[PDB]
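So the mapping is simple: our numbering equals the position in the sequence shown, first residue as 1, plus 414.
C-beta atoms are modelled at their ideal positions from N, C-alpha and C, and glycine is treated no differently.
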Amino acid sequence: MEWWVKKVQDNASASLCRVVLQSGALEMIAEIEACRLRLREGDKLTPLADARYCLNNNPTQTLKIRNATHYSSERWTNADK
Numbered sequence: 415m416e417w418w419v420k421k422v423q424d425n426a427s428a429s430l431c432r433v434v435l436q437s438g439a440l441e442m443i444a445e446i447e448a449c450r451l452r453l454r455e456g457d458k459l460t461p462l463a464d465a466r467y468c469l470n471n472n473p474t475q476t477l478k479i480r481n482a483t484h485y486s487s488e489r490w491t492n493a494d495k
């Protein structure tokens, strides 16, 4: 289903941004690899087919996930360390 981002960090590392995807109430964390960095809070990510996702329902601004996580404590504690 369409997810909703709650937070996002630009590629302050080099070319990998992190986004927290919310779903109804649960939360998830996933590493993103893009270059537009035009993401923003309230962005609607729809499912493409295999795993990719399209924001704003525009297959042009798509991105690839490097590793999604169910908002685990180790990831949230090791990520926003």
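Annotation: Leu469 to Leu459 spans about 5 Å, alpha carbon to alpha carbon. Going by DSSP, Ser487 is part of the alpha helix (DSSP H) stretching over 487-493. Beyond the five residues adjoining it in sequence on each side, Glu455 comes within less than 8 Å, by CB distance, of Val419, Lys420, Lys421, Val422 in the same chain, given in chain order. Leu440 sits in a strand when the DSSP states are folded into three classes. In terms of Cα proximity to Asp457, the closest of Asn471, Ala493, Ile446 is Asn471. Taking a C-beta distance under 8 Å as the contact criterion, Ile446 and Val434 do not qualify as a contact pair.
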